[PDB]
Structures are given as structure tokens and as C-alpha cells.
There are 2 protein chains.
Amino acid sequence: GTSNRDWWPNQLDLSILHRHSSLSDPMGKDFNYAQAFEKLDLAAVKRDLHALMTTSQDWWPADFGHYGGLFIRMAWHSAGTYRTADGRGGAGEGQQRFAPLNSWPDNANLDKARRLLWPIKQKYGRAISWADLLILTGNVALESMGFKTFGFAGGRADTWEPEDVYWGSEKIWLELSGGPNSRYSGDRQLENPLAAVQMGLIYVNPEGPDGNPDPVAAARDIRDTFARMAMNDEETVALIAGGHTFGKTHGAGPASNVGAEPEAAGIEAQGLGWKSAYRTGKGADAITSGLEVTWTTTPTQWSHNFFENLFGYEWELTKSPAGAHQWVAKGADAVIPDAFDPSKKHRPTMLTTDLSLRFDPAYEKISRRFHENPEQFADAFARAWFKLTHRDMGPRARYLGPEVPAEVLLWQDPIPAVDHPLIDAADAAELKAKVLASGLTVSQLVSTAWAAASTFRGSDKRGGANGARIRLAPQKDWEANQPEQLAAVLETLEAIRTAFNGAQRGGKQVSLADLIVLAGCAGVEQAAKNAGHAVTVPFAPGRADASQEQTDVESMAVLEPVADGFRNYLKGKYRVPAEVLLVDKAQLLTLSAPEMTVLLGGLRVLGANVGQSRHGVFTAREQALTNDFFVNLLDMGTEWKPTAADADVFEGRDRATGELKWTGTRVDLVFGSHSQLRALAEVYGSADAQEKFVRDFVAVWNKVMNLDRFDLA
Amino acid sequence: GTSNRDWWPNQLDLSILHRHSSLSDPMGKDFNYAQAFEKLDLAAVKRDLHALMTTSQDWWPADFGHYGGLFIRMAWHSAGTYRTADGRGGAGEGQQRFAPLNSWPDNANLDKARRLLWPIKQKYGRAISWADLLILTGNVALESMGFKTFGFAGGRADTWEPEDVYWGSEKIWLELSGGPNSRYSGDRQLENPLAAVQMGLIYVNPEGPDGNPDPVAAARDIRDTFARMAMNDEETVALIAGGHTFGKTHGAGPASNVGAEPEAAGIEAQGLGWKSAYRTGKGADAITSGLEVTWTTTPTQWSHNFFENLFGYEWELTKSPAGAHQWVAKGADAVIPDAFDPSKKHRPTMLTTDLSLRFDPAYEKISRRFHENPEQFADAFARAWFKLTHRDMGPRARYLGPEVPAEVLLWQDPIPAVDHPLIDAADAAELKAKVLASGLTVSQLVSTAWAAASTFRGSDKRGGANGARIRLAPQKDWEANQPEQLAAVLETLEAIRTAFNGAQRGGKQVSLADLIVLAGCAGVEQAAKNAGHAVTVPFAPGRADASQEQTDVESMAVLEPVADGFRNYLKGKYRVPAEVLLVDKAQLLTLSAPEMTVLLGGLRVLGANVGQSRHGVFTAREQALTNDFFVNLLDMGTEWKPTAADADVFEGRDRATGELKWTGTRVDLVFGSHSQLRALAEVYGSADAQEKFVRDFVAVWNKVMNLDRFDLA
Ligand code: HEM
Ligand code: HEM
Ligand code: NA
Ligand code: NA
């Protein structure tokens, strides 16, 4: 059946803004997962998981009689899709059970692991999400095998359809670099936002870069991908060595024996895949990655044997029974146990990427320190495992259950607890009046509050106005935030604040984070007044101000908007068209297409554009909240053409006289071009729609200002 | 960006069940279009349309100074996508403004027509939908030019995204038949459900079949395509001759001058397409179809000149300035006015498909009668134009405004007015008890009510239980409805009804249509009781019984279910996998994926299968409403394999003993295979889900029962 995407494959796709509707969700409108979780008997679930570990099923027998390694890999792959560039991927929505991730080659046989968990899922039902269960299971596996975990939080609500993620443009699974859709260019530069070296991999190729078994070159890819998953060298070394203290790989026979991945398998497979024709197809004859490596002498127990073996032998290049490159310890005895036959033993083996930890100079220093100080290795791994598995969960206020670690960690972008009375509605009215009497303009107040709040992204729940991080490095210096203008607004707000706080009793004070948002509200109210409407903008206090020392400057860099269509901003020239980037940003803001449309039209007339650009400012009453943007955009008396100087700026001229009326970008004009967007613009550009426009704007403005308010959730 | 559709292009697509969410809709959750339209000043809108007809815009000059012909073609293409096979297409959702229809080659320059209407759309706002306005504008055009229409109903609510319609498998616009994705096979048999001869056409090729200018062969394509749009020979002749009494075609220069369709055009085109480099690109130099024909001597006035010309001349094969085949009157004078230059006249011209009306013997008889009796022609066209433009509106209860015709038309599947008091809640309870005391079983009651209600399709709002047409020809004889079983059920219910109705006072009575539905409600209640649950199934009275004389048997044929997954039924062997046909039927029922899943699982265990098939009946407590289908489907202790006898039937065997536990079809097992459906099945197969399953089942059963109840809307 030929579809619109077949006819017009470069058209903008808005269905990404309308996923996760109440239509696809089997739970009721009122279902609140946090409340269900809070009543789960988590101790009972963990006992069930501990029993499961050694309860081997004949359709996928447990290696060494313990599924711990398999479930550790399962949880690490659940988390390990995360990219810091956009915050997409990660464990937080349980997307490993949906396409495409359930059929990625790197997730081979994790279908078996998740099926092993069905009876537990079934027993506890809606009280534990698949998303939480996958992580909990990894935790239990580590505990079962003697490793003390740092903690666990629940609260990952399940999702019900695949997330729309750009995973790359290749049309061949695991395509090596340099093809027609190469994710690499230049000196091995991986394109943003990708965080894996090949389509269908988690991070790197375990045989080495593009299958070449050079551990030093492998280390470069490990460092680059793990940095794109928010992990530094010490965390990387701790995670890889920690993970490969357990379990084994599976490569018993040639990969040609392995059949269709789950999404391609026949209906009788009932959701499973990779059925193998090699011998019994399972257990001792399992084929997963095609490598055949068992790292330690006790694969089902925490040990310090990984680094003993890594440093204690010299390594020789060999091949697995499937033909894959791997390494074997020279001159070693057969000390590694077999997973099924107690009469066989094996020599120590390693992956190329394991050897990276020794042959890369910076990793070697870490690896040695962990070898000599195994308590440091244990603590580093426990911490890094928690980070890995919770990195996308958002602020600590979302963490549920009795195992949440008390320690506050820098990467969580912590917010101080509020320990004073909040402002009330009378105080909010007094502060808004003070803000309006200071001389700050609608444009300044709007633009500052937009800049503070619009860092939020729903993919990993980082960012937003809570914390007043807009006054700190690096947000205060971002070009999209207009550093000089920002500094002058903040200085005026801080004087208002000081004056209001010095006048209070009983400990009441207002945070700068609250005041920035409140001042934006006053701006919107003033702009509505300028247009003749009486509008009160809702405001919820309770944000607190974070310190510079609570704000990791390097981790904040990924929030910098290099494209923000809502301020008609683009930091440079990109291969992705600006309207694509607009819809991307709207998705991260959690906006639907009607919300994105109203918001953008209102911001243009309020003076939110960076640099006070006139592009899209289709009104003669700037700083008044009207639907002018729509009404003028849709006026057929204007003809549009790209300028000779810049094909991405357009001039709109009177059709009869040729006189120039307006200029716009691609972000502006898409609303007059895309047939779905223009249908939305028509609703707000109609003669009956000025009130609806103002009210819908206020609603969406409020929504954006509250995106990170999980303290009130 | 590579997507799941690229990796697994044959996987079932569930996103079609989750369109039209509240996310994509810019109107409030409470917006009621009928209530907005009922307050529209329709006479004021018509006066504005009437003015527009002769107010030429210089960006698309009006032919002959009058846009009537353009807007008639616009409204006929809005309506003319309709197919009776599925009820999809038609004018009822305003889909011409979205992809792909806005960019079909047969809709070239209708973008200009829609844009001419923006000022009126903007003036009246939400009180008149684009969908209604398109039709209304066609009516006003006809009226302005002296033609008396049969009437107009409003009520077509606007939609906000493209509908998912199968329009054929061709990858090339207008591909001639016989390619790799040919819509034809055998002796020019057009595949169901298609109703056009080439991808991107409304009905037929105006040059003749695959471009071959033979009027006799073209007539075969006209008759076949129009029959597939519910029009017979008399309606067909009346529509084509009627339409081509007005306006002209546009073919002033070579087609290579015409640029990209709207979905492919540049952003600066602002939603318009087919920009032409031929001379001024518009008006006298317009190019649309490539043909250059003007049919009558008064293209802006109703007349009987189409037939005077058709029969009063002999015709010669010629070519337009773009090279298209067309016909010119031999020996004639220059009697046809030019559209822009009052000093030029032209000879009469016709399309090959116009000449079909003369050279096909059955059409010729009708055409002669219309030529000799033009009052019969005007009446037939009026009626056909109303039918065409309202065929997908549904029951008369949905028709709004002051111009609705009072005559009841057989194609409307009319339902008699109710003229007595309805049953109340106590009467409903007495009837339910009487039904259950008769000895009708849960299976019989459920199967009967499902059969009556599940003929509804949301595409054209035909079918449903209102009418009690299940007791009439042809429904009572459809094989899916189990004619002998059905007759015995109906006979018992009619005795119950007679007894109840003979006992009442004050005119109260119950219709058989209501009692069929009620009896199904008693069945579901009893099945819930059988399982330990006390529930009340909601029921709303007020259906009425239609007569055989009010039921067009031939038009009802297209409602027959040849595939009904909800009853595990497939009438024969098809190219489309059964699971695809299930999701197709769910879409026509207006069901989401969660609703589909609950409904199917419940119907299995209630005994709804045709023939009492045991396929998918995964329970040992048949006729009890439990979640057994899901619990047993998801049990990993059962292994599934296709049977040697039939690859589409599967045996489920105990994995350990090999004992046969169940059988199922592809429809059954898709819920254990497809990763999104199996995530839904898991929620209903969990241990905490039996109350949820009962409640959600009752809700979706009630939704189905009420699909055609637009009297209560
Ligand atoms: C450079 C990074 C890494 C690479 C290239 C990599 C590669 C792989 C490969 C190829 C397998 C074998 C799959 C099979 O054939 O069954 C595997 C197994 C596994 N990995 Fe990793 N790994 C990486 C990092 C991780 C990390 C960060 C963890 C966890 C903290 C982890 C834990 C595991 C465990 C537990 C197994 C054993 C599976 C079992 O016993 O069934 N690895 N690794
Ligand atoms: C066999 C069925 C039909 C065929 C092949 C057909 C073909 C076409 C073609 C090729 C054009 C010229 C488009 C252009 O170049 O501007 C057109 C114009 C038109 N058609 Fe049809 N037609 C059919 C039936 C209908 C029907 C059923 C109606 C309405 C009741 C309709 C009303 C018109 C009108 C009013 C125009 C003139 C548009 C203008 O003045 O701009 N036609 N037809
Ligand atoms: Na994420
Ligand atoms: Na339809």
C-alpha cells in the first residue's frame, strides 16, 4: 500500500508529536503509576527475582545454572541506548520490548531474558512496570552474585508504542562506516545525536572499529560513545570491567545458523526470534554475538578476576567458532569453567574492547588502580551502575520506593529543598506589579522566562526553570540566551527580589527561579492587556535556586539550544532543515502540533526572537498578545520568495504592488506550507479566534513553565 | 532516518487505530461542531459565496469571469474519492485539503479553488467546516448559474490529519495498468476496494483506458468505477453531462511546463502547487489536465447544450496543445466562447469519456431521453449531485440546517421515526430476565447482537443495529451470520417482544432492533455472572425497525463481512493476511488497539465464533466473561506450530509432554506475536486484571452497540 511517506519522503512528520495519546494506552485516563508502585511489595518481587535466577527453563537453559549474567546484560542494554545529545533512549520507558530495539542485533536473545520475566510481571501486574522490572532484575542479579548495589528507584511508567528516535540513516543492519549513509565523516567524527558506531549496536563493535581488532583504536570509539552516554573514563572502565566480571558471550557455531530477529519472525514464534539451527539452538550451543569469551574463573560470583586476567597474561589474536575476532591468554592453563559440562575447562579469553582497558594509556592507569585497589573498583562500579540505570529518570522527586540512595549526586542536577514559607497569591500580585513598574519590557520578561523554562526535555526530564540555572555558567553565556540582555534583566529581578525578601517576616522569601517565571507571567499579562484582554496567568511557586557547584557545566552543554524555532534561532547551518528541528524541539517540550503552533505564533508577536530579528514578526503591534502572526501569514495578498543572498530567508511582497511587507525564515513559513500545520494556523487566524488564541497561548505558556515541576506531581 | 516501516515493511500497522486523538485536534475537548453550525447564518455564507463567484483574483483569473465551473469540479472531486467497498473516501471529512489527495494529479489546481475560499472560511470560522464549505460552494456555484439544487445538509466536522486509506500499490503517479503493482488482473477486473483506474485519478482516464481514445471501451471503465462509487447508469450519465454543462478544461501548453504538486513544492509556494512556466502560468495560459475542451456555448449558465452538441455533431480525434487526445466537432462553426478574449470563438469539443455517453448503447438510450426531455435531466442531476455529495454522511439524523431535503431516499438506509414511549430501566430489566428465561444461551445472544451491530463502519457511517436489518434480506442470509441459527434466535426474541408489547399501556412498545441489542446485553451480563461479577451493561433504547421496502438489497451487499476477526471468520482465501483484515475492521468500527484487544479476547470466550469453531477459544469456562484468552495465550508452557493441513491454523501443545491444548488462527496468535499487541495482551493477562478486563469489555461492547446512534449524539 503506497503511503504519504513513500510519495513525499522528505515531508515533515508531525505524527511524532501525537504519540502516546490516550488512544494507544490500555490504562485508564486516571491511572497513576507512582501510586501503584508505592503499594507494590518490592521485597516480595525481589525474592521472586532471586528465585528466578537459578530456575533454568529448558527452552533457554541458564549458563552455569544462573541467569545473572544474561539479566545484567539485559538491564545494561536497556539503559545503554541513552544519548546525552537529545536525552533520547535509556531504560526509562521500557522501549527494549518494542521495535526496533527488541530486534536490534545487539539485543539478540534478550527476548529470552524478557520472556523469563513474564511470570513475575504477570503476578504483580500494573504495580511494577516492565521498565522498572528490567532494571530491578539487573540489580537483583548483581546482588544474587555477591555485589552490593548503590540503590534503586522505581517510577519508570510503561509506554505502549515505539518512541520516534533517529537511530541513524543506514538501510543495512550493522553497516560498516563509509557507506552511502555513513554516520562517520572526517577524522572518525560520529554524527550528532548518535551514540553508537554501527546501526543496531549499543556502543561499539566488540571485534574493534569496523571489525578491525586493534584495542587502541577500539578505545577511541569506547571513549567517544561512552562520553556521548554521559560517562567519563573512570565510569567507563568501572562499567566494562564490572559487567565482564560476570557471565559469558555466545558464539558456538556459525552465525548463518541464526534466523530471523523477532520483528521478522513467524507468528508461531510468539514474539521471540534468532531461532538457531546449530545443534540444539540453545544453552551449550547458543549463538548470540558470535564471540565465545568467558572472562573469569567464577562467572556467577563477584570477584577481582577480570583485572587479574587482563594484566596477568599476554594475549593472542584468535577466532571464535563463528569466525569472530577475540583474544586468548598465551600459555595459560584451562582455568575457566564451562557453562554446561563440568569435565571441560577453558583458557582465559577477552574481547578487543576488553583489551582497550589495558592498551589505551589513560584507561590503563585507571585499570591498574582498580586492580591494586579493588574496593575502589567496587565502589566506582556500584555508582556507575546506578548512574547508567537512572540517568534518564529526571529529578530526584520522581524516584520512588524504599531503596532510593540518600546521597545527592552531581549528575542528577540537584535542586535544594525548600525550607521556608512560599509566596501566596497576594505576594505574587505585589511582585508582578513591581516587575511591571521596573521598566522591564514584555519582550525582555517573555524572552527571559522562555529561555529559563525551555531547556526542559521530556526524553530524560533534564532542564527547565527550576534551579535558576539560567543565572549560572554555562546557561548565562549561551548565545541563544542573549547574554548581555539576560544579565540586565537578571540584575533588575535580583534587586526586586532583595527588596521583597528584606521586607518579609517569618522566614518567607522568593527564589530567583520563581521570580523569573513570575516575571514572565507578568509579561504575558501585560501583553494581553496591550491587546485589550483581561487575562490572569497562573503561577505556581516552589522552585529553588541551585548553586554553581550543583551545576556540572560540561553536562549542561548538551542542553544548549543550537536550534530554537520558537525564538527563530539557528546557531549555524545544519543538514537538517530548520522546520525539522522545530518539530524536534516541540517533541522534547512535550508539545502537540496545535500547542506548538499557538506558542510559536504568540512568541513571535511578543518579541521573543533572538537579536530582535524581524523575521516572522508579522504584526504592527509588537508586544501585544494577538493572533496577528496567523492572520498575516495566511493573507493571500502576499507572495513569498527566497532571497538571492540566503535561500533560507524569504521575502513576502504585496502581490499587486510588489512592495515588501515581511520577511520570514523556513520556521515561520512552514505554518503556511505544510498542509497539517496550515490547517492549524487557519483555526487561530480566523475572525472568531482572537479569544481562543489568547487563552490557548496562556495554557501552553503555563504548561512550559511547569514542565519540570515534579515536586507538585 | 531509517524507521520501523523500512526495516519490517510487512509488519502490521496499528498507528491507523490511533489517529484523530485529542492531541492533534486544535478545538477544545468540548467543541461540538453541530452546535456551531446550527448557529451559522447559512444565508449570509451563501451570499458571500455568490459574490465570490464573479470576483476574479489576479493570481488565478476566473474563466469567463465566473469561478462556478472550477468550484463544481472541486466539490465533485471532494466527493468523488468515495468507494462503496469500504465506505472510505468521500467529502465527509474534508480530506481534499490533506495529503495525498491535495496533491493527486486529478486534483491539480483545486489548490487554487480552496485558497479562493479562505476569506469566507476565515470570516465564519469554526461555525462552517472546510468539509461542509467545499460542498456548499459547489451548490452555490450551480445556483448562481441557474440550476436548482435538491438541497444541502451541513454537519461534516473537520478532521486534522490525513486518513489512512489504501489507494493502490503503484509507486508511480498515474501508472498505466499491467505494471508490477497493477490494480487490474484477469479480464480488466479492478481489485477491491479500489474505485479508480489509475493511481491519482478520481474515476477514469479522460483520454480513454490507459490513454487509448476509444469511447466504447472508456464506457466500460466509467460504468465499473461509478458502480464502485454507488452510482447506476442513469445517475452516471446525469452527473457527467450535468458537470460538463459548465466551465472548461485547461491544456494551453505542454505539460512539461508544470512544476511540483503541493506536497513537493517549495516552502515559498505556501501550500499551492503545479506552478506553470507556460506564459503567464494562469488564466488564458492555464494548464491543469492537459486537455483543452469547452463543452457548451454558455459555460457559466445551466442549459441543455451538452447533449445538443453531443448528438448534433460528428466528432473527430485531435490533440490539445499539450498533446492529449480529445475530440472536435466536424464541420462546425466557431460557436463556443473563449474564456478571456471576447473577440475569439471556438468549435465544440469533447472528451473521449463524454462520447461514451453517446457510443455505449445503454448510455445512449439514457442520454437520448435526457436530450429530448431536459427537465428529466435536470431532476436526475439534482438528485445525483445530492447523493454524491451526501453519500458518506450517514443517517439523516446527522443532517443539519435549513436546506435538508424532506424526501427520504432509499440509499440513505432510512429508519422510521419513533412515535411511542420508550422502555425504561425497569422494563429493560424485565426484558433481560425474560430473554435469559427463554433458554437462549450466552453464545447465541452475544453472537446475534454482534452480528447486528458490527455492520457499522465509520468511514461512511452506514450499518449498525438500528433498523433491525439483520432480520431482512440480505443480512439474514449472510454466511457469517449463521442463517439457520439466526432465524431460530430471532423467532424466540420476536415471541418475547410480542408478549411484552401486548401487555403494555399507553402506547409503550419495544422495537425488535432494541430488543436484539438488549438481549446481547443480557448475554454479556449473564457471562459476567457466570464468572462471579455483578455488572450492569448499559443500554439505550430508541432504535426502530426498518422494512424490507426501505432496504436496498444490492447496496447492502457491500456491508457483508467477508473477514471478521472478531468471530474468527474468513469467507475465503485472500491475498491480505487475516491480521491485516482484523485491524481494518477495527478501524471501521472506530476501535483503538486496546479496545480491539479486549473485545476480541472477550468474544472468544463468550462463544462468538462462527460455526462454534474452537480456534482461539482458550478457556475451559466457555460462556463466562473472564480474561482466560490472554492468560492462556501468553503461557510460555505452550508451544505453537502451523498444521500440515493448513499453514494458517496453529496447534498449541504443552512444551514438556506434547499434549494438544488448543488451536488458533493467525487472528488469535497475532496477539502473542506482534510486539504492541502482546504488550496490550499482557495488561489483560495479568493477575490483577480480571475486574479491569470485565469493565473494559462492557465499555467497548456498549460502544459497538451504540456506533450508529446519532439520534442520541
Ligand atoms: C565496550 C563496551 C562493551 C562491549 C563491546 C560489550 C560487548 C559484549 C558482548 C559482545 C557480549 C556477548 C553477547 C553474547 O554473545 O551473549 C557481552 C556480554 C555481557 N556484557 Fe558486555 N560489552 C560492553 C559493555 C558492557 C557493560 C557496560 C556491561 C554492564 C555493566 C556489560 C555486561 C555484560 C554482561 C554481564 C554480559 C554477559 C552476558 C551473559 O552472561 O549472557 N558489558 N558484552
Ligand atoms: C467520466 C467521468 C469524468 C471525467 C473523466 C472527467 C474529466 C474531467 C477533466 C479531465 C476535466 C478538466 C480538468 C482541467 O483541465 O481543468 C474536468 C473538468 C470538469 N469536470 Fe469533469 N469529468 C468527469 C465527471 C465529472 C462529474 C461527475 C462532474 C460533476 C458533476 C464534473 C464536473 C466538471 C466541471 C465543472 C469541470 C470544469 C472545471 C473548470 O471549469 O475549471 N465532471 N473533467
Ligand atoms: Na530518554
Ligand atoms: Na468515507
Side-chain angles (χ1 to χ4, degrees), chain A residues 21-24, chain B residues 13-22 24-25 32-34 79 81-95 98 101 129 131-132 153 155-167 193 195 230 390-399 411-413 415 450-467 469 517 540 543 555-556 558-566 580-600 699-713:
Chain A
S21 67
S22 58
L23 299 174
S24 56
Chain B
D13 186 15
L14 298 177
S15 69
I16 75 167
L17 303 186
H18 304 131
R19 297 289 185 232
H20 313 304
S21 70
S22 64
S24 62
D25 184 348
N32 184 298
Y33 174 62
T81 57
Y82 180 71
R83 309 95 75 98
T84 53
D86 67 353
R88 299 180 173 102
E93 295 167 16
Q95 285 285 306
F98 292 122
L101 299 179
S129 61
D132 280 344
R156 298 168 193 76
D158 270 336
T159 53
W160 306 100
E161 56 194 312
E163 188 201 346
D164 303 285
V165 179
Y166 175 68
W167 299 112
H390 291 70
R391 184 75 196 78
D392 64 336
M393 271 204 67
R396 300 185 71 278
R398 296 196 70 247
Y399 290 20
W411 58 259
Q412 296 172 315
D413 295 349
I415 305 298
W450 172 264
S454 71
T455 54
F456 183 81
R457 58 195 197 180
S459 53
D460 67 355
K461 300 173 173 47
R462 296 186 72 211
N466 203 357
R469 287 189 164 102
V517 176
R543 299 166 188 80
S555 174
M556 184 66 64
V558 297
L559 299 188
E560 183 181 356
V562 298
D564 180 3
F566 296 103
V580 175
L581 299 174
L582 170 73
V583 168
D584 177 68
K585 179 62 162 177
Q587 197 278 332
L588 291 175
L589 297 173
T590 76
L591 303 178
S592 62
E595 290 172 332
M596 174 185 72
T597 301
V598 188
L599 178 66
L600 188 144
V700 68
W701 175 268
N702 181 61
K703 169 177 175 165
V704 179
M705 301 301 113
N706 285 336
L707 290 168
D708 68 359
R709 295 304 307 277
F710 290 105
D711 60 307
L712 306 178

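In what follows, every heavy atom counts, from backbone to side chain, and hydrogens, waters and symmetry copies are set aside. To find a chain, count down the sequence lines: A is the first, B the second, and so on, and within it residues start at 1.
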Test item: B:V583 and B:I16 side chains (from C-beta on) under 4.5 Å apart, heavy atoms: yes
B:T84 side chain to B:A230 backbone, donor-acceptor under 3.5 Å: no
B:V558 and B:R462, any side-chain heavy atoms less than 4.5 Å apart: yes
Approximate separation, where rounding is to 0.5 Å, of B:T455 OG1 and B:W450 CH2: 10.0 Å
Side chain to side chain, B:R469 and B:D413, heavy atoms closer than 4.5 Å: yes
B:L559 side chain reached by B:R457 side chain, heavy atoms, under 4.5 Å: yes
Donor-acceptor side-chain pairing of B:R398 and B:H390 below 3.5 angstrom: no
For B:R19, salt bridge (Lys or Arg N to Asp or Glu O under 4.0 Å) partners two or more places apart: B:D164
B:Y166-B:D86 side chain donor-acceptor pair, cut-off 3.5 Å: no
Backbone N/O of B:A85 and side chain of B:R88: donor-acceptor pair under 3.5 Å: no
Rounded distance [0.5 Å steps], CZ in B:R83 versus CG in B:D392: 12.5 Å
Closest approach of B:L588 to B:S459 (non-hydrogen atoms, all atoms of both residues): CD2-OG, 3.7 Å
Contact check, side chains of B:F566 and B:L582, non-hydrogen atoms, under 4.5 Å: yes
Separation of B:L17 CG from B:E595 CD (nearest 0.5 Å): 9.5 Å
Minimum heavy-atom distance B:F456-B:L589, with the two atoms named: O-CD2, 3.4 Å
Minimum-distance pair of heavy atoms, taken over all atoms of B:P594 and A:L23: CD-O, 3.3 Å
Over all atoms of both residues, closest heavy-atom pair of B:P561 and B:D564: CB-CB, 4.3 Å
Side chain proximity check, B:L599 to B:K703, heavy atoms < 4.5 angstrom: no
Stepwise side-chain contact (heavy atoms from CB on, under 4.5 Å) test for B:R396 and B:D711: CA-CA 9 Å; B:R396 300 185 71 278; B:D711 60 307; over 6 Å; no
Side-chain donor or acceptor of B:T159 paired with backbone N/O of B:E93 under 3.5 Å: yes
Heavy-atom pair of closest approach, residues B:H18 and B:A593: NE2-N, 3.0 Å
B:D158 to B:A131 - nearest heavy-atom pair and separation: OD1-N, 3.0 Å
Backbone of B:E163 reached by a side-chain donor or acceptor of B:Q95 within 3.5 Å: yes
Any B:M393 side-chain heavy atom under 4.5 Å of B:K461 side chain: no
Any donor-acceptor N/O pair, B:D25 side chain to B:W160 backbone, under 3.5 Å: no
Distance-only polar pair, side chains of B:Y82 and B:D460, donor-acceptor under 3.5 Å: yes
Spacing of B:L101 atom CG and B:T81 atom OG1 [to the nearest 0.5 Å]: 5.5 Å
Flag side-chain contact, heavy atom, 4.5 Å: B:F710 against B:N466: no
Ring pair (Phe, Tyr, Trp, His ring centres under 6.0 Å) partners of B:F98, counting only residues at least two apart: none
